[PDB]
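Using ideal geometry, Cβ is built from the backbone for each residue, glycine included, and neighbour counts are taken over all protein chains shown. Read-outs throughout are calculated quantities, based only on the coordinates presented, and are distinct from any laboratory measurement.
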């Protein structure tokens, strides 16, 4: 587990968070639907609810 | 002679692309006073009872 | 008669009010007295809301000496209030500038100026700032010139 | 073209163009650029009393007449550059810090780093270059991502050596 | 606090001429020997913490057994003061970067004031010696950042270990210096840290008592309030300070109970139920309830919602929390949130 506590000497701000997250195009039998993007390995790496 | 009003610099989730477009297309088609009332009178339950 | 009320309170009729003041620990006070020329009704004609400016808890304000009384009671209250937000460290820029050691504005500038000379005009200028009638870290300033004038080199 | 001429040190060309500025009818977006161009040219010449009195009136009317924050920021840093170039940058210390924490909440990386260069530049003209080297070293990774500040960034590196 | 300096060479030449004119004797060599003894610049001819011989003491007695002689002696004392002040500043500045702890400045103060007992130059009614000492203390505080941080750590260490007399000595020394690091913040920080640690030691893992916050407050007061009042200097009967201390104790108690609410409600119930009634008297803000419910849900979800846990015990502990939370919250809105 990484612990990146906020430090004044670290000005390396992040912009990927500000930019909106991507989406995915998956088509089922009925129609083409749009779902939020998840990394192929994010299901077992996602932030756990528990 | 310039009553320059102070613009309220209000400021959180970023959400996704599809949600933002759905929200805008959906929107395409007293409250403060009540808040003040909750602050004008406090420390008791008199106002709810009289209502 | 002085009448002390909370903020969201109905003040009496404007024509019968002579002066109003706001005082609270924090924001600096604002007191306005209504003379015959302008009445309270005319003053509040634009709006019944008066705005207040926020004071500043700045490190540069307390360069060397604390002009503030800094009561122990209010200090403890402020510490408890800050802990409440913290419960709900070097993360502030004021601590960064404190760590950098450039807290005293005048001392760093005069230290830079004295780095080398000491022509007569600036020498008399430094003497004038030292012998100022009222200033802040005057005693700290006196020692550097002594160090610059007669210290190791 | 004039901005390119300032970088290429074609002071004769820009001086003649500034003569055209005062009697032409320009759009507001065009006004500010030439208004901003005039500030940068005076900094290059060396005369700073007129420019310093001139730059702040622009920003003061860049906050009342038009609430343009981007041009308020862009105008602000030349005054920082004017002060510190005259060997007196400590006066700018209160001003730079108000923008640092202000733009940290906003999160614009270019804004934070430009203020960072001015902060390191302040600290190196006071005689405390030791900590500036320590501070620049931790953030050196995130300051090379911006191309137009590398020339100012690389130039500071040989100075520290 | 303006202090004059007239250069080492000029004052030395003035001293030699004054001694030669007034005394008409060859004590100039002995005068130079004395000056070296008081001068800390040269470590071979100074005192090095050793009492002077009979020669030096006799010269002092000669120097300290009409009007023109009196004013010449007064100016001679002024020149001696200037020479001593110049010497101590140069020596202090020589070792300025070598200071990292309070004990260093006290030993240097003793090193400087060692000749003072053997030669009285500072008048009793004028506290000059204290003035330049406070000036050097102020400069060291306001120029050496490492020394400032070391002072913070040392005072924190002293207050953690109940070393109250040295803490009072440290606080008085800082107050005399009147530096940028004001003593009020250190006292506030030290007291806050101490009360937090005392609260953590006492009211942790205990829930079966009633009105225990007053017991802890009374115990901490009887154990430390007199010492703290002596440190601050405020009267022992300061009501507002005690009230703020009590408010901080109850805030810390709320924080600890919010952290431990899972074991409070799951295991200690119903033995800890009394504490719940006390807790109900304290919570007043919606943020408190939200923090409580989210922390409890995370712990309940982290531990109880595991399928590896037997379902019978799971529902048993669940309903135990339901009755526990119902006692805590008569409204039951938190019950709806946990249920949902």
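Assuming a ≥ b ≥ c are the square roots of the Cα gyration tensor eigenvalues, decide whether the range E:292-339 counts as rounded (a/c under 1.5), prolate (otherwise, with a/b larger than b/c) or oblate.
oblate
Under 8 Å for C-alpha pairs, at least 6 residues apart: give me the relative contact order for the range C:9-85, rounded to a whole percent.
The value is 23 percent.
Ratio to report: Rg/Rh of the protein assembly as shown, with Cα atoms as the point set and Rh obtained by the Kirkwood method; give two decimals.
When Rh is taken as the Kirkwood radius, the ratio is 1.03.
Only helical DSSP H runs with n ≥ 4 go in: add -39500 (n - 2.57) per run for chain C, normalise by residue count and round the 222 nm mean residue ellipticity to 500 deg cm²/dmol. Don't jump to the answer; show the numbers that get you there.
Working: 6 runs with 62 residues, N = 153.
Taken over chain C, the calculation gives -12000 deg cm²/dmol.
How would C:92, E:3 line up from fewest to most surrounding beta-carbon atoms within 10 angstrom?
C:92, E:3
Whole number please: convex hull volume per residue of the Cα set in chain B, in Å³?
Roughly 269 Å³ of hull volume per residue.
Starting from 0.36 nm per residue, how many nanometres of slack lie between residue E:221 and residue E:70 once their C-alpha separation is accounted for?
Contour length minus Cα-Cα distance gives 48.4 nm.
Using r as the Cβ-Cβ distance of residue D:85 and residue C:68, and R0 as 41 Å, what FRET efficiency do you calculate, to the nearest 0.05?
With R0 = 41 Å, the Cβ-Cβ based efficiency is 0.70.
From the convex hull of the Cα coordinates of the range C:1-112, what is the mean projected area in square nanometres?
Quarter of the Cα hull surface area: 12.2 nm².
I need C:131, E:19 ordered by Cβ neighbour count within 10 Å, fewest first. Intermediate values should be presented prior to the final figure.
On the way: C:131 11, E:19 19.
Going from least to most buried by this count: C:131, E:19.
Could you put E:320, A:30 in order, starting from the residue whose Cβ has the fewest other Cβ atoms within 10 Å?
A:30, E:320
Please work out the C-alpha center-to-center distance from chain A to chain B and express it in whole Å.
Taking the Cα centre of each part, chain A and chain B sit 30 Å apart.
Could you list, bin by bin from short to long, the percent of Cα-Cα pairs of the range E:115-222 in 10 Å steps?
12, 32, 24, 18, 9, 4, 1
So for the range D:1-134, Kirkwood radius off the Cα pairs, Stokes-Einstein at 10 °C and 1.306 mPa s: how many µm² s⁻¹?
98
With axes computed from alpha carbons, what is the tilt in degrees of helix D:69-85 against the longest principal axis of chain D, rounded to the nearest 10 within 0 to 90?
Helix D:69-85 sits roughly 70 degrees off the main axis of chain D.
Suppose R0 equals 35 Å; then what is the FRET efficiency for residue E:205 and residue A:23 from their Cβ-Cβ distance, rounded to the nearest 0.05?
Values: r = 50 Å, r/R0 = 1.42.
In this case the efficiency is close to 0.10.
Starting from the Cα of residue C:23, step 7 Å along the direction of its Cβ; do the same at residue D:74; then give the gap between the two resulting points in nm.
Modelled inter-label distance: 5.0 nm.
Evaluate the distance, in nm, between pseudo-label points positioned 7 Å from the Cα of residue C:51 and of residue C:9 along their respective Cα→Cβ axes.
Distance between the two pseudo-spin positions: 2.5 nm.
Please list the radius of gyration and Dmax for the range D:103-161, considering alpha-carbon atoms only, with Å as the unit.
Here Rg and the maximum Cα pair distance are 11.3, 34 Å.
Take the Cα radius of gyration of the range E:187-340 and divide it by 2.2 N^0.38 Å, with N its residue count; two decimals is plenty.
1.23
On C-alpha positions alone, give me the angle between the axis of helix D:150-160 and the longest principal axis of chain D, in degrees, nearest 10.
Helix D:150-160 sits roughly 50 degrees off the main axis of chain D.
Return the distance in nm (one decimal) between the two label points of a simple spin-label model at residue E:319 and residue C:83, each offset 7 Å from Cα along Cα→Cβ.
Modelled inter-label distance: 4.2 nm.
Would you mind telling me the antiparallel percentage of the DSSP bridges in the protein assembly as shown, rounded to 5?
Working: 9 of 10 bridges.
Around 90 percent antiparallel, to the nearest 5.
For helix D:11-21, what angle does its Cα long axis make with the longest principal axis of chain D, in degrees from 0 to 90 and rounded to 10?
So the inclination is approximately 50 degrees.
Given a Förster distance of 41 angstrom, what is the FRET efficiency for residue A:42 paired with residue E:267, based on the Cβ-Cβ distance and rounded to 0.05? Display every interim value, and only then the final one.
On the way: r = 36 Å, r/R0 = 0.88.
Rounded to the nearest 0.05, the efficiency is 0.70.
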